[PDB]
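Nothing in this text is a laboratory measurement; each read-out follows from the coordinates by a stated rule. We place every Cβ from the backbone using ideal geometry, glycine too, and count neighbours over all the protein chains shown.
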Ligand SMILES: *C/C=C(C)/C=C/C=C(C)/C=C/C1=C(C)CCCC1(C)C
Ligand SMILES: *C/C=C(C)/C=C/C=C(C)/C=C/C1=C(C)CCCC1(C)C
Ligand SMILES: *C/C=C(C)/C=C/C=C(C)/C=C/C1=C(C)CCCC1(C)C
């Protein structure tokens, strides 16, 4: 199309699609029940992202929100993606460490709150209030990060969890910043650059994260 | 009303309602925990369908989508039904065979993708792109069917699973065809006939499927 | 704002926010896995309510629905809250009594139906039909109440469950009445009083319920 961000949406669609196919093929033949869980979660994540990238590319997942006296292009489909994919990603971490159910519920619920309030902020027509939602969403993210560090095994489990926790902190923490400087927030970075940034983050957080996880012996039960 | 498809919506509402009441009464008194799971899942399915049929009958679950240069009546409430009822139905099959959690997640997630992309296709304003969504949704359905045949007990469990798997393949595979030839897709069959077809499919896939399942000794633990 | 109900929305936001913070601090340090489940569920409930109260206060969670020949202010965000918080509350009760999974699914599903049909009724443009949805929603509520009394331990578990079941029946049963007499239904009580009533009910059903639950020894495994 003639939205300059189309190229990043197209590459995102492609990389999510290819990552989905790769993980699908890779998990073919896996019989270990524990490993199956990780393959399922980890393949579902970019498959969902693929659909939502495509919806943005085709224009379905874009709406105009009036605020600051303009009609502002907001890609709402990102939140529909994140609503499902972010708890899934947290579930991969939580299963790695054999987290308590209470802890999993805390994580999933805080994540739901993070995404839902981010969506509310994204669609809010009173400019100043958009940042209230951003702050609440960010608080939920900080709670999530706190639990990953202070709320929790085989040495390979510890090692893989540590690496993935670090990837998670670094990549996830960038999202509120991009939103804040981008078209959803202060509008200091144009939508095409914002789209590029989220594409790099998303591909790393999904396909990159998944490559790290699915390469590890941590996803298998200890078997002779 | 004066929408000619009202009669099929009314009969669908009635048959789902009656099926719900029948399963409710039938599962009264069931104490076996395994059987309770099947009664719960299986009664919930037509209860949800009853609500969404009624919403279509009353006109709430209908919207107009512009495409191909017309205002096209799209019953969106079907997807709200299917979003919940189709994974529930898959859950009945998966519990019958004591499926791995990874496999259940794969099934539920692929199903979510099937329904969500079908909804996107149903609401998409660019005619040609509607069929892209249809294709992606169909791929998700084919993945689901593949898992039911290649991804998986007491002989009565095997026997009941086999029958229900066959019912599932035959009925579910008809949905993409009806959508394709109907008002959502190529518009070769009118909405009133499309509605009739989905009504027959839905009642069979829910109340018919449920009668088969709930009549079986497979839903009970092996007890003396 | 100049909506007279703003004061009740503001106090609701505050009390849910404070209740969230209190439960969060209170559950700090809890290591018992069973207790963690209850703290997680019970803190998530007012955290979600806090977000949805704030959304109503800020005006995001309000829409106008034409019916009875007027444009009627309907707070839809209540349903988005209840959709998540009501099954969570039922989950607290069900975990207390170690409910069968079938029973939990029945409860959660009936609750989903209660809330979804209440939302449909709230948004329905044909006045008389709003009450059809109300009736169906009420039937789902009555099913839920029936299960809590007829569908189900350590003496402290029994004692706490009994108290919380009674609180639940009394408070939950008031909701259909308020809706019926309020702006969503017959319009005999003005929106500002309706808002006050739901605020008192919600705070009691969430923060009050939670204080009772989290003060009990019932939420802990039996340990030496
Ligand atoms: C695969 C995609 C992922 C891992 C996306 C993660 C996204 C977030 C952590 C987003 C966080 C946000 C906030 C913390 C504040 C408001 C804006 C959001 C939703 C971008
Ligand atoms: C009770 C209702 C059920 C079992 C409905 C099943 C529906 C489907 C399998 C629908 C599939 C579709 C596609 C595969 C492609 C696009 C259109 C859909 C959603 C009708
Ligand atoms: C924390 C909030 C809670 C516990 C809310 C409970 C709400 C209900 C039990 C609402 C019930 C309703 C009906 C039974 C009929 C239609 C209207 C509703 C949704 C208010």
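Could you tell me which of the residues B:63, B:43 is away from chain A (no Cβ under 11 Å) and under 21 Å from residue B:206 (Cα atoms)?
Details: B:63 fails: under 21 Å from residue B:206 (Cα atoms).
So the residue among B:63, B:43 that is away from chain A (no Cβ under 11 Å) and under 21 Å from residue B:206 (Cα atoms) is B:43.
Is it true that residue A:183 is under 16 Å from the mean Cα position of the chain (by Cα) and more than 16 Å from ligand 2 (Cβ to nearest atom)? Lay out the reasoning, then the answer.
Working: under 16 Å from the mean Cα position of the chain (by Cα): no; more than 16 Å from ligand 2 (Cβ to nearest atom): yes.
Criteria not met by residue A:183.
Yes/no per residue for (1) near ligand 3 (Cβ under 10 Å from one of its atoms); (2) more than 10 Å from chain B (Cβ to nearest Cβ); (3) farther than 24 Å from residue B:91 by Cβ:
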{"position": "C:78", "(1), (2), (3)": "yes, yes, yes"}
{"position": "C:92", "(1), (2), (3)": "no, yes, no"}
{"position": "C:111", "(1), (2), (3)": "yes, yes, no"}
{"position": "C:115", "(1), (2), (3)": "yes, yes, no"}
{"position": "C:147", "(1), (2), (3)": "no, yes, no"}
{"position": "C:161", "(1), (2), (3)": "no, yes, yes"}
{"position": "C:165", "(1), (2), (3)": "no, yes, yes"}
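Condition check: within 9 Å of ligand 1 (Cβ to nearest atom) and either over 26 Å from residue C:61 (Cβ atoms) or in contact with a strand residue (DSSP E or B) (Cβ under 7 Å, 6 or more places away or on another chain) (or both). Does residue A:161 satisfy that? Steps first, answer last, please.
Values: within 9 Å of ligand 1 (Cβ to nearest atom): no; either over 26 Å from residue C:61 (Cβ atoms) or in contact with a strand residue (DSSP E or B) (Cβ under 7 Å, 6 or more places away or on another chain) (or both): yes.
The answer is no for residue A:161.
Criterion first (away from ligand 2 (no atom under 14 Å from the Cβ) and touching a strand residue (DSSP E or B) at 6+ places or on another chain (Cβ under 9 Å)) does residue B:191 satisfy it?
Working: away from ligand 2 (no atom under 14 Å from the Cβ): yes; touching a strand residue (DSSP E or B) at 6+ places or on another chain (Cβ under 9 Å): yes.
In short, yes.
Would you be able to say whether some residue in the range C:96-107 is surrounded by 19 or more Cβ atoms within 10 Å (Cβ to Cβ), more than 9 Å from chain B (Cβ to nearest Cβ) and not in a helix (DSSP H, G or I)?
There is at least one residue in the range C:96-107 that is surrounded by 19 or more Cβ atoms within 10 Å (Cβ to Cβ), more than 9 Å from chain B (Cβ to nearest Cβ) and not in a helix (DSSP H, G or I).
Right, residue B:129: within 14 Å of ligand 2 (Cβ to nearest atom) and either touching a helix residue (DSSP H, G or I) at 6+ places or on another chain (Cβ under 9 Å) or away from every other protein chain (no Cβ under 14 Å) (or both) or not?
yes
Are any residues in the range B:1-29 in a loop (DSSP other than H, G, I, E, B), farther than 18 Å from residue B:88 by Cβ and within 14 Å of another protein chain (Cβ to nearest Cβ), and if so, which ones?
Filtering the range B:1-29 down to residues in a loop (DSSP other than H, G, I, E, B) leaves B:1-5, B:27-29.
If we keep only those that are farther than 18 Å from residue B:88 by Cβ too, we end up with B:1-5, B:28-29.
The answer is B:1, B:28, B:29.
Any residue at all in the range C:68-75 that's within 13 Å of chain A (Cβ to nearest Cβ) and under 20 Å from the mean Cα position of the chain (by Cα)? Spell out how you get there, then give the answer.
Of all residues in the range C:68-75, those within 13 Å of chain A (Cβ to nearest Cβ) come to none.
No - not one qualifying residue is present in the range C:68-75.
Restricting to the range C:93-119, count the residues that are over 17 Å from the mean Cα position of the chain (by Cα) and more than 21 Å from residue C:210 (Cα to Cα).
6
Take residue C:53 and decide whether it is outside any helix (DSSP H, G or I), at negative phi, within 14 Å of chain A (Cβ to nearest Cβ) and surrounded by 19 or more Cβ atoms within 10 Å (Cβ to Cβ). Steps first, please.
Values: outside any helix (DSSP H, G or I): no; at negative phi: yes; within 14 Å of chain A (Cβ to nearest Cβ): yes; surrounded by 19 or more Cβ atoms within 10 Å (Cβ to Cβ): yes.
For residue C:53, the condition - outside any helix (DSSP H, G or I), at negative phi, within 14 Å of chain A (Cβ to nearest Cβ) and surrounded by 19 or more Cβ atoms within 10 Å (Cβ to Cβ) - is not met.
Being within 17 Å of the chain's Cα centre (by Cα) and more than 25 Å from residue A:117 (Cβ to Cβ) narrows it down to one of A:85, A:1, A:42, so name that one. Can you show your working first?
Details: A:85 fails: more than 25 Å from residue A:117 (Cβ to Cβ); A:1 fails: within 17 Å of the chain's Cα centre (by Cα).
The conditions single out A:42.
Quick one: would you say residue A:48 is buried (at least 23 other Cβ atoms within 10 Å of the Cβ), touching a helix residue (DSSP H, G or I) at 6+ places or on another chain (Cβ under 7 Å) and within 28 Å of residue A:223 (Cβ to Cβ)?
Numbers: buried (at least 23 other Cβ atoms within 10 Å of the Cβ): yes; touching a helix residue (DSSP H, G or I) at 6+ places or on another chain (Cβ under 7 Å): yes; within 28 Å of residue A:223 (Cβ to Cβ): no.
Spelling it out, it is not the case that residue A:48 is buried (at least 23 other Cβ atoms within 10 Å of the Cβ), touching a helix residue (DSSP H, G or I) at 6+ places or on another chain (Cβ under 7 Å) and within 28 Å of residue A:223 (Cβ to Cβ).
For the range C:120-141, name all the residues that are over 16 Å from residue C:82 (Cβ atoms), part of a helix (DSSP H, G or I) and more than 9 Å from ligand 3 (Cβ to nearest atom). Can you show your working first?
Pass one, the range C:120-141, residues over 16 Å from residue C:82 (Cβ atoms): C:124-132, C:135, C:139.
Filter once more, keeping what is part of a helix (DSSP H, G or I): C:127-132, C:135, C:139.
C:127, C:128, C:129, C:130, C:131, C:132, listed by residue number.
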